[PDB]
Every structure is written in structure tokens, then in C-alpha cells.
There are 2 protein chains.
Amino acid sequence: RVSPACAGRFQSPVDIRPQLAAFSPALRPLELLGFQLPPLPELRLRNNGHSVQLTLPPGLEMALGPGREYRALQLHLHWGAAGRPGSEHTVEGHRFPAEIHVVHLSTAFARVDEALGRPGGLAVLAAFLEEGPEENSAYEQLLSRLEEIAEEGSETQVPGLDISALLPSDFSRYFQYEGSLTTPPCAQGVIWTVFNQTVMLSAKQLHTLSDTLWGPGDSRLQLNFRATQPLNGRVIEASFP
Amino acid sequence: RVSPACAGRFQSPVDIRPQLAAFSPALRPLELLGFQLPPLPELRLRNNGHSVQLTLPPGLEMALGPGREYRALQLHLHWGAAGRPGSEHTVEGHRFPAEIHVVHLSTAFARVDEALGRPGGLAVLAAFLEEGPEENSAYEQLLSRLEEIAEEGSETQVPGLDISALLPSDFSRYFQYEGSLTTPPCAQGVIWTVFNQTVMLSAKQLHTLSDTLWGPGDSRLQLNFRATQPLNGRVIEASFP
Ligand SMILES: NS(=O)(=O)c1c(F)c(F)c(SCCc2ccc(C(=O)O)cc2)c(F)c1NC1CCCCCCC1
Ligand SMILES: NS(=O)(=O)c1c(F)c(F)c(SCCc2ccc(C(=O)O)cc2)c(F)c1NC1CCCCCCC1
Ligand SMILES: [Zn+2]
Ligand SMILES: [Zn+2]
């Protein structure tokens with residue numbers, strides 16, 4: 001009730017139906033610069049009670065295309081529980097075990113509050129997390145620290161790492177649509193890019209993610225995804241036919 | 001010299017090469033509501049020395065897509081001289097006799113100065129004017145008042161008119177890209193939408209447009225178009241296959 005933007009017509013997340021997506025060959029491969037960080041200075045990894053977030057340093061540049069430039073602010077995760085998936089986006093009604101969001105600010109804006117609700121002011125890179133056979137070493141750097149931040153509102157410093165190693169290797173094949181933040185204030189104008197390729201974590205890693213953190217009260221931080229929102233006439237674009 | 005933004009990477013106008021345009025079926029028909037203005041109140045028509053400009057009232061609403069809405073501010077024209085075309089955009093190297101620009105402000109920005117340089121802050125609808133056998137009634141309402149404002153800096157008031165009648169037939173067929181103002185300050189982040197189809201004016205009308213107005217000094221106000229700029233990797237989109 002408190003935030004009217006959460007009742008907007010063009011909200012996220014959405015159910016991606018690839019057959020109804022529009023092939024748009026203007027959608028070129030995503031470009032990331034400066035994501036391969038040195039170990040120092042350290043970054044802050046926080047259990048904010050709704051997700052686990054990693055705050056990103058200055059100098060991480062992302063482009064959705066020529067002239068569509070962004071700076072990375074933060075990344076965070078959405079996940080489920082034992083035997084329950086918890087991605088935000090779905091594909092043909094299928095929910096994936098978890099989802100990573102890397103949130104960026106258009107280089108036309110100095111602050112988030114100026115970008116909120118402005119077209120293209122914020123851009124999110126989203127990838128699904130699925131079970132694979134191997135321990136994912138980039139994820140392990142964060143997941144091995146969740147026990148330190150089990151309590152709601154706690155944080156810890158972690159060394160810099162290759163942030164791009166938390167995303168799929170295929171930056172060419174993706175869906176793109178305009179939507180909203182998935183937490184209040186649910187501001188619209190957010191460009192969502194959802195990778196075709198998924199990222200693989202071990203079963204143990206997925207369990208660590210869903211079973212370690214606590215939220216508000218004595219409740220487990222689990223199932224922290226927003227319900228699917230209707231496209232309401234928006235057409236999802238795809239970078240591939 | 002005065003405006004370094006004019007040497008930016010993502011400037012307008014550009015040469016449109018339809019075979020290299022990217023078709024995206026997500027580009028829906030343009031929606032223009034409130035454009036059928038009544039005779040009163042009257043509108044300001046001004047020779048500002050670079051173009052002739054019609055100030056538009058509040059209530060002219062335009063959408064480039066779902067939730068991507070705009071309000072029209074003004075329109076103005078670009079033209080050549082006797083036996084010389086003066087459109088700004090070109091199509092496969094062909095320059096048309098003239099070009100009309102309807103400039104709009106995004107409904108996420110209260111002021112033009114906030115929108116300048118921000119992606120999608122300003123949106124321009126552009127149409128080519130070419131020679132036809134018949135006098136165009138819509139354009140005559142404006143062209144017949146240019147003699148009154150021949151001197152640089154002079155202005156008059158004209159009755160309200162159907163602004164949409166100045167535009168081409170099919171609102172589903174257009175090209176679109178992101179670029180700049182074509183005059184200082186050459187601000188980037190402008191969404192340009194160029195109709196596929198043209199509008200037709202008589203040879204007398206086109207002569208009236210190019211031969212009536214005076215600029216700065218004792219110069220005729222003619223050939224008021226900027227040179228073609230490189231795409232620099234931008235891909236022009238098309239709303240039709
Ligand atoms: N999917 S999402 O991008 O909308 C998103 C969510 F769905 C989220 F659920 C979250 S976590 C909840 C918001 C929050 C709460 C507390 C704190 C803190 O105490 O430090 C920080 C954040 C979350 F942090 C984000 N992303 C944030 C949204 C906040 C405003 C925009 C800029 C940062 C991205
Ligand atoms: N093609 S374009 O849209 O870039 C464009 C031009 F190429 C133009 F050439 C123009 S006219 C030149 C700018 C100007 C000069 C004086 C006055 C005045 O004293 O009233 C007003 C305007 C012109 F007005 C516009 N459009 C205006 C750009 C300048 C003002 C900021 C944004 C509104 C659109
Ligand atoms: Zn999120
Ligand atoms: Zn213009």
C-alpha cells in the first residue's frame with residue numbers, strides 16, 4: 001500500500017515465453033569493463049534481511065549497446081528453499097533454483113534517486129542459477145561467508161573478485177524488456193536483461209544459499225522472490241531468433 | 001568551438017540505409033492523442049533565425065511504447081533553397097526537399113533542462129516533405145503566415161490546427177535510433193523516430209518555405225540543416241520487415 005509504484009501496469013518480474021519474444025537484431029552482445037577486480041580494496045557483503053547484497057566499487061562499466069552506458073552499483077540474489085525453486089523470472093512457467101541481479105545506473109545520472117522511474121535510468125543483468133556437478137569457485141567466495149552474516153542486518157568484508165565470473169559466459173543470447181524494481185518502491189523504467197545461458201552452482205552451494213541466512217523476527221531468509229507480474233502488452237525482445 | 005558536445009560520438013542527423021535497419025516487431029504503432037487542436041487559443045509562430053518554430057500547448061500526448069510517454073513542446077522545420085533540398089536525415093544518400101520535427105518531452109521529466117543529455121528525455125518525430133502535384137492544406141496554414149515573420153526574431157499568432165495532419169499516413173512504419181539535437185548544445189540521448197512515408201507539398205509551397213524567411217546579418221534563412229553524422233555502431237531499428 002505505502003508505495004503506489006508497486007501497483008503500476010509495467011512491473012517485474014515476468015514469465016518469459018520465448019515463442020512470443022520479438023527477435024531484434026539491434027541487440028548486440030553485452031560489454032563489461034572493469035569487472036575483474038583486484039583483491040583490495042575489499043567489498044561489503046550484507047544480509048539486508050530481504051537478500052544478500054554485494055556493494056560494488058566505482059569503475060565497473062557496462063554497455064547494453066553503442067551509447068547505452070551504465071555503471072554497476074550492486075549485486076544480490078533471489079532464492080527458494082529445500083526442494084522449492086526461487087528465481088524471480090520464469091521461463092514458460094518454469095521457476096529456476098535461484099537468480100542473480102547486477103544493478104546498474106545510467107552514466108546520465110549521478111544518483112539512484114534521480115534515475116528512479118526515468119526511462120533506462122536503471123538496468124539490471126539477470127541470470128538464473130541452476131544445479132551443476134562442480135563447486136562454482138567464484139560463487140564460493142561469497143557463499144563461504146554467509147555463515148558470518150546469518151543474522152539480519154549483518155555484513156562482512158570480502159576480497160575483490162572477478163564479478164563477471166558470477167554471470168554466464170554467453171553475453172550474446174538474452175531477453176530484454178522494460179519493467180520495474182521487484183522491491184519497494186517498484187519504480188518503473190528499469191531495463192531488464194535476462195541471459196539465455198544459466199550459471200551452475202553445486203547442490204551444496206544452493207543449500208548454503210537457501211539455508212544459512214535469517215531475516216525479520218526468527219524467520220529463515222528463503223523464498224525471497226516476488227510473484228510473476230503480467231506483461232500487460234509489453235513485448236519481450238530476444239537477441240536471437 | 002562553443003559546444004564540445006557537437007563532437008560527441010552519437011550525433012544526429014544520420015543517413016538511413018533501410019537494408020541495414022534492424023526489424024523489431026516490438027516497435028508498435030505510434031500513438032498521438034490530443035493533436036487535433038481547436039481554432040482558439042492561438043499558437044505562437046516565431047522566426048528564431050535558425051528555423052520557424054510553432055509552440056504547442058499542453059495535452060498533446062505521444063507514446064513510443066507501453067509506458068513510454070511524451071508531451072509535445074514545439075515543432076519546427078529544416079529546408080533548402082531554390083533547386084536544393086534541405087532535409088536533415090537522408091535515405092541512402094538522398095536528401096528530401098524539407099523535414100518537419102515535432103519535439104517532445106518525456107512525462108518522467110518536469111523540465112527540458114533535466115531531460116537534456118538523459119536517454120529518452122527528448123523524443124523527436126521526423127517526417128520528410130517532398131514535392132507533389134497538390135497544395136497541402138495542413139502546411140498552408142503555416143506557410144501562408146511566414147511573410148508576417150520574415151524578419152529574424154519576429155513572431156505572430158496563428159489559429160490552432162490539427163498538428164497530426166502535418167504527418168504521414170501510416171503510424172506503424174518508421175525508423176528509430178538514439179542521437180542528438182542537430183543544433184547546439186547537441187545534447188545526446190534524443191530518441192529520433194523517422195517516418196518511412198513522406199508528406200507532399202506543392203512546388204510553390206516549398207519555394208514559400210525556403211524563400212520567405214531572413215536570418216542573421218542580411219542572410220536568407222536557407223539550408224538550415226546539419227551535415228550527416230556517423231552511426232558509430234548504432235543500429236537503426238525499423239518497425240516493419
Ligand atoms: N530485484 S531488485 O533489484 O529490485 C532488488 C530487490 F528485489 C530486493 F529485494 C533488494 S533487497 C531489499 C531492499 C533493500 C533493503 C535494505 C537494504 C539495506 O539495509 O542495506 C538495501 C536494500 C534489493 F536490494 C534490490 N535491488 C536494489 C534496489 C534498491 C533501489 C535501487 C538500487 C539498488 C538495487
Ligand atoms: N533539430 S533540433 O530539434 O535539434 C532543433 C534545431 F535543429 C533547431 F535549429 C532549433 S532552432 C535553434 C535553437 C533556438 C534558438 C533560439 C530560440 C529562441 O530564441 O526562441 C529557440 C531555439 C530548435 F529549436 C530545435 N529543437 C530544440 C533544440 C534547442 C532547445 C532545446 C530542446 C528543444 C528542441
Ligand atoms: Zn533483485
Ligand atoms: Zn530540428
# chains A, B, ... in the order shown; residues from 1 in each chain; ligands from 1
>>> interface_residues(of="chain B", to="chain A", cutoff="6 Å", atoms="only C-alpha atoms", output="list in words")
residues 22, 24, 25, 26, 108, 118, 233, 234 and 235 of chain B
>>> write_last_selection(atoms="C-alpha atoms", output="short mmCIF file (atom, residue, chain, number, x, y, z; two decimals), in the first residue's frame")
data_model
loop_
_atom_site.label_atom_id
_atom_site.label_comp_id
_atom_site.auth_asym_id
_atom_site.auth_seq_id
_atom_site.Cartn_x
_atom_site.Cartn_y
_atom_site.Cartn_z
CA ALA B 22 17.07 -3.94 -37.74
CA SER B 24 11.91 -5.39 -34.36
CA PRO B 25 8.31 -6.37 -34.12
CA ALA B 26 8.30 -4.88 -30.59
CA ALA B 108 9.41 11.34 -16.46
CA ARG B 118 19.40 11.90 -20.45
CA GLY B 233 27.98 1.35 -34.26
CA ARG B 234 24.40 2.38 -33.59
CA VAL B 235 21.89 0.21 -35.47
#
>>> select_by_dssp(residues="region 5-234 of chain B", states="strand (DSSP E)", output="ChimeraX atom specification")
/B:15-16,22-23,31-33,43-47,52-55,61-65,68-79,90-91,94-95,98-106,122-131,155-158,174-180,188-195,199-201
>>> residues_near_ligand(ligand="ligand 2", cutoff="9 Å", atoms="only C-alpha atoms and all ligand atoms", output="JSON, numbers by chain")
{"B": [12, 13, 46, 47, 48, 49, 50, 51, 52, 53, 73, 74, 75, 76, 77, 78, 88, 100, 101, 102, 103, 104, 105, 112, 113, 115, 116, 122, 124, 153, 180, 181, 182, 183, 184, 185, 186, 187, 190, 224, 225, 226]}
>>> write_last_selection(atoms="N, CA and C atoms", output="short mmCIF file (atom, residue, chain, number, x, y, z; two decimals), in the first residue's frame")
data_model
loop_
_atom_site.label_atom_id
_atom_site.label_comp_id
_atom_site.auth_asym_id
_atom_site.auth_seq_id
_atom_site.Cartn_x
_atom_site.Cartn_y
_atom_site.Cartn_z
N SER B 12 23.21 13.33 -34.40
CA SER B 12 22.22 13.34 -35.46
C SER B 12 22.51 14.55 -36.35
N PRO B 13 22.01 14.57 -37.58
CA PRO B 13 21.23 13.53 -38.22
C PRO B 13 22.15 12.46 -38.80
N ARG B 46 7.17 31.62 -34.60
CA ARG B 46 8.31 32.51 -34.42
C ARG B 46 9.44 32.18 -35.39
N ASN B 47 9.97 33.21 -36.06
CA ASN B 47 11.23 33.11 -36.80
C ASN B 47 12.32 33.37 -35.79
N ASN B 48 13.00 32.32 -35.34
CA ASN B 48 14.09 32.46 -34.36
C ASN B 48 15.47 32.60 -35.01
N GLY B 49 15.51 32.76 -36.33
CA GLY B 49 16.77 32.90 -37.07
C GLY B 49 17.47 31.62 -37.50
N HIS B 50 17.12 30.49 -36.88
CA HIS B 50 17.63 29.17 -37.29
C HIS B 50 16.53 28.30 -37.94
N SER B 51 15.28 28.54 -37.57
CA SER B 51 14.15 27.84 -38.14
C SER B 51 12.92 28.67 -37.85
N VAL B 52 11.78 28.21 -38.35
CA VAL B 52 10.47 28.71 -37.91
C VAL B 52 9.89 27.70 -36.93
N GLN B 53 9.44 28.19 -35.78
CA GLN B 53 9.02 27.33 -34.67
C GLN B 53 7.60 27.63 -34.23
N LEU B 73 6.16 19.69 -27.33
CA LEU B 73 6.56 21.03 -26.91
C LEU B 73 6.42 22.04 -28.02
N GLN B 74 6.90 21.65 -29.20
CA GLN B 74 7.06 22.51 -30.34
C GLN B 74 7.34 21.71 -31.59
N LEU B 75 7.12 22.36 -32.72
CA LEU B 75 7.60 21.84 -33.99
C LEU B 75 8.30 22.94 -34.75
N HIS B 76 9.16 22.51 -35.66
CA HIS B 76 9.95 23.40 -36.48
C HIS B 76 10.37 22.64 -37.73
N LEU B 77 10.98 23.34 -38.68
CA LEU B 77 11.31 22.74 -39.97
C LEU B 77 12.74 22.98 -40.40
N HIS B 78 13.20 22.14 -41.32
CA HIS B 78 14.51 22.30 -41.93
C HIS B 78 14.28 22.24 -43.43
N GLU B 88 17.37 17.07 -43.05
CA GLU B 88 18.50 16.72 -42.21
C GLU B 88 18.87 15.26 -42.34
N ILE B 100 10.16 18.05 -41.24
CA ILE B 100 9.47 18.60 -40.06
C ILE B 100 9.88 17.80 -38.83
N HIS B 101 10.12 18.50 -37.73
CA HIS B 101 10.45 17.90 -36.44
C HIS B 101 9.45 18.29 -35.39
N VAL B 102 8.82 17.30 -34.76
CA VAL B 102 7.93 17.55 -33.63
C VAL B 102 8.64 17.08 -32.38
N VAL B 103 9.06 18.05 -31.56
CA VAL B 103 9.88 17.77 -30.39
C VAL B 103 9.02 17.54 -29.15
N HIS B 104 9.34 16.47 -28.40
CA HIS B 104 8.57 16.06 -27.25
C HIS B 104 9.46 15.88 -26.01
N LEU B 105 8.84 16.02 -24.84
CA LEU B 105 9.49 15.86 -23.55
C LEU B 105 8.90 14.64 -22.86
N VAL B 112 12.65 20.54 -19.61
CA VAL B 112 13.55 20.25 -20.72
C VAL B 112 15.00 20.19 -20.26
N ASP B 113 15.41 21.12 -19.39
CA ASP B 113 16.80 21.16 -18.98
C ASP B 113 17.27 19.91 -18.20
N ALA B 115 15.93 16.91 -18.95
CA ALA B 115 15.89 15.86 -19.97
C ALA B 115 17.10 15.90 -20.91
N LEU B 116 17.71 17.07 -21.09
CA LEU B 116 18.84 17.21 -21.99
C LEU B 116 20.00 16.34 -21.54
N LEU B 122 14.16 13.48 -24.37
CA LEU B 122 13.53 14.11 -25.51
C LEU B 122 13.33 13.08 -26.62
N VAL B 124 11.95 13.12 -30.76
CA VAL B 124 11.56 13.89 -31.93
C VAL B 124 10.88 13.00 -32.96
N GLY B 153 13.73 37.01 -35.58
CA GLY B 153 13.25 37.38 -34.25
C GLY B 153 11.78 37.78 -34.19
N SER B 180 21.13 12.93 -31.18
CA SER B 180 21.34 14.23 -30.57
C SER B 180 20.44 15.31 -31.14
N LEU B 181 20.43 16.45 -30.46
CA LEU B 181 19.96 17.67 -31.09
C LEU B 181 20.86 17.96 -32.31
N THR B 182 20.28 18.55 -33.36
CA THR B 182 21.04 18.92 -34.55
C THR B 182 21.46 20.39 -34.55
N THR B 183 21.32 21.03 -33.39
CA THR B 183 21.77 22.39 -33.16
C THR B 183 22.45 22.42 -31.78
N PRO B 184 23.39 23.36 -31.55
CA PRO B 184 23.91 23.48 -30.19
C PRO B 184 22.77 23.61 -29.18
N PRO B 185 22.82 22.93 -28.03
CA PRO B 185 24.01 22.29 -27.47
C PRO B 185 24.33 20.83 -27.91
N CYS B 186 23.66 20.31 -28.94
CA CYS B 186 23.94 18.96 -29.49
C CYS B 186 23.85 17.85 -28.45
N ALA B 187 22.90 18.00 -27.52
CA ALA B 187 22.72 17.08 -26.41
C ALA B 187 22.36 15.70 -26.94
N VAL B 190 18.64 11.74 -27.37
CA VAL B 190 17.39 12.06 -28.06
C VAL B 190 16.92 10.85 -28.86
N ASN B 224 19.15 25.24 -43.66
CA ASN B 224 19.29 25.20 -42.20
C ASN B 224 19.25 23.73 -41.72
N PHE B 225 20.16 22.94 -42.28
CA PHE B 225 20.32 21.53 -41.94
C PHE B 225 21.75 21.28 -41.54
N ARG B 226 21.94 20.34 -40.62
CA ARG B 226 23.26 19.92 -40.22
C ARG B 226 23.74 18.80 -41.14
#
>>> residues_around(residues="residue 197 (chain B)", least_positions_apart="3", cutoff="10 Å", atoms="only C-alpha atoms", output="list in words")
residues 127, 128, 129, 167, 168, 169, 170, 171, 173, 174, 194 and 200 of chain B
>>> write_last_selection(atoms="N, CA, C and O atoms", output="PDB file, in the first residue's frame")
ATOM      1  N   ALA B 127       9.534  13.803 -40.165  1.00  0.00           N
ATOM      2  CA  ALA B 127       8.974  13.367 -41.445  1.00  0.00           C
ATOM      3  C   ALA B 127       9.556  14.162 -42.583  1.00  0.00           C
ATOM      4  O   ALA B 127       9.823  15.362 -42.452  1.00  0.00           O
ATOM      5  N   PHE B 128       9.792  13.473 -43.694  1.00  0.00           N
ATOM      6  CA  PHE B 128      10.280  14.124 -44.908  1.00  0.00           C
ATOM      7  C   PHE B 128       9.117  14.784 -45.648  1.00  0.00           C
ATOM      8  O   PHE B 128       8.028  14.208 -45.774  1.00  0.00           O
ATOM      9  N   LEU B 129       9.397  15.973 -46.158  1.00  0.00           N
ATOM     10  CA  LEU B 129       8.497  16.743 -47.012  1.00  0.00           C
ATOM     11  C   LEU B 129       9.036  16.656 -48.431  1.00  0.00           C
ATOM     12  O   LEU B 129      10.204  16.997 -48.686  1.00  0.00           O
ATOM     13  N   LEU B 167       1.640  15.133 -40.538  1.00  0.00           N
ATOM     14  CA  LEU B 167       2.408  13.896 -40.510  1.00  0.00           C
ATOM     15  C   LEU B 167       1.914  12.875 -41.508  1.00  0.00           C
ATOM     16  O   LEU B 167       0.764  12.939 -41.982  1.00  0.00           O
ATOM     17  N   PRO B 168       2.783  11.888 -41.847  1.00  0.00           N
ATOM     18  CA  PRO B 168       2.418  10.905 -42.862  1.00  0.00           C
ATOM     19  C   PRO B 168       1.292   9.967 -42.490  1.00  0.00           C
ATOM     20  O   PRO B 168       0.811   9.942 -41.352  1.00  0.00           O
ATOM     21  N   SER B 169       0.897   9.178 -43.482  1.00  0.00           N
ATOM     22  CA  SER B 169      -0.270   8.315 -43.386  1.00  0.00           C
ATOM     23  C   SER B 169      -0.164   7.175 -42.366  1.00  0.00           C
ATOM     24  O   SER B 169      -1.077   6.963 -41.569  1.00  0.00           O
ATOM     25  N   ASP B 170       0.938   6.423 -42.385  1.00  0.00           N
ATOM     26  CA  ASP B 170       0.986   5.171 -41.643  1.00  0.00           C
ATOM     27  C   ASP B 170       1.871   5.318 -40.414  1.00  0.00           C
ATOM     28  O   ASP B 170       3.100   5.403 -40.539  1.00  0.00           O
ATOM     29  N   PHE B 171       1.241   5.342 -39.240  1.00  0.00           N
ATOM     30  CA  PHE B 171       1.954   5.474 -37.963  1.00  0.00           C
ATOM     31  C   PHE B 171       2.624   4.163 -37.518  1.00  0.00           C
ATOM     32  O   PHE B 171       3.276   4.143 -36.481  1.00  0.00           O
ATOM     33  N   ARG B 173       4.856   2.526 -39.541  1.00  0.00           N
ATOM     34  CA  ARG B 173       6.030   2.343 -40.392  1.00  0.00           C
ATOM     35  C   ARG B 173       7.018   3.482 -40.159  1.00  0.00           C
ATOM     36  O   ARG B 173       6.847   4.594 -40.645  1.00  0.00           O
ATOM     37  N   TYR B 174       8.062   3.180 -39.383  1.00  0.00           N
ATOM     38  CA  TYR B 174       9.062   4.168 -39.039  1.00  0.00           C
ATOM     39  C   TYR B 174      10.410   3.518 -38.733  1.00  0.00           C
ATOM     40  O   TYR B 174      10.491   2.305 -38.487  1.00  0.00           O
ATOM     41  N   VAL B 194      11.801   8.467 -37.367  1.00  0.00           N
ATOM     42  CA  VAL B 194      11.681   8.985 -38.727  1.00  0.00           C
ATOM     43  C   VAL B 194      10.666   8.129 -39.499  1.00  0.00           C
ATOM     44  O   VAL B 194      10.850   6.908 -39.690  1.00  0.00           O
ATOM     45  N   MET B 200       3.513  15.353 -48.854  1.00  0.00           N
ATOM     46  CA  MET B 200       3.700  16.101 -50.104  1.00  0.00           C
ATOM     47  C   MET B 200       3.194  17.533 -49.990  1.00  0.00           C
ATOM     48  O   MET B 200       2.105  17.772 -49.470  1.00  0.00           O
TER      49      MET B 200
END
>>> atom_distance(atom1="CA of residue 97 (chain A)", atom2="CA of residue 84 (chain A)")
7.3 Å
>>> atom_distance(atom1="CA of residue 89 (chain A)", atom2="CA of residue 15 (chain A)")
5.9 Å
>>> closest_residue(among="B:192, B:55, B:42, B:36", to="ligand 4", atoms="only C-alpha atoms and all ligand atoms")
B:192
>>> atom_distance(atom1="CA of residue 217 (chain A)", atom2="CA of residue 150 (chain A)")
12.8 Å
>>> residues_around(residues="residue 203 (chain B)", least_positions_apart="6", cutoff="12 Å", atoms="only C-alpha atoms", output="mmCIF file with C-alpha atoms, in the first residue's frame")
data_model
loop_
_atom_site.group_PDB
_atom_site.id
_atom_site.type_symbol
_atom_site.label_atom_id
_atom_site.label_comp_id
_atom_site.auth_asym_id
_atom_site.auth_seq_id
_atom_site.Cartn_x
_atom_site.Cartn_y
_atom_site.Cartn_z
ATOM 1 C CA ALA B 81 16.918 26.764 -51.176
ATOM 2 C CA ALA B 82 15.872 27.155 -54.850
ATOM 3 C CA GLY B 83 16.519 23.759 -56.503
ATOM 4 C CA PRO B 85 16.939 20.009 -50.893
ATOM 5 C CA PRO B 97 13.222 18.961 -50.010
ATOM 6 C CA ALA B 98 12.425 19.559 -46.303
ATOM 7 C CA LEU B 129 8.497 16.743 -47.012
ATOM 8 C CA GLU B 130 8.643 16.206 -50.770
ATOM 9 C CA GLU B 131 7.142 17.730 -53.912
ATOM 10 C CA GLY B 132 3.655 16.664 -55.007
ATOM 11 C CA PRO B 133 1.120 17.998 -57.541
ATOM 12 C CA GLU B 134 -1.348 19.410 -54.964
ATOM 13 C CA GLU B 135 -1.305 22.215 -52.399
ATOM 14 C CA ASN B 136 -1.160 20.709 -48.892
ATOM 15 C CA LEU B 209 9.179 27.746 -47.123
ATOM 16 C CA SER B 210 12.705 28.347 -48.405
ATOM 17 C CA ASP B 211 12.356 31.863 -49.893
#
>>> closest_residue(among="B:70, B:79, B:96, B:195", to="ligand 4", atoms="only C-alpha atoms and all ligand atoms")
B:79
>>> select_by_dssp(residues="region 21-139 of chain B", states="alpha helix (DSSP H)", output="JSON, numbers by chain")
{"B": [112, 113, 114, 115, 137, 138, 139]}
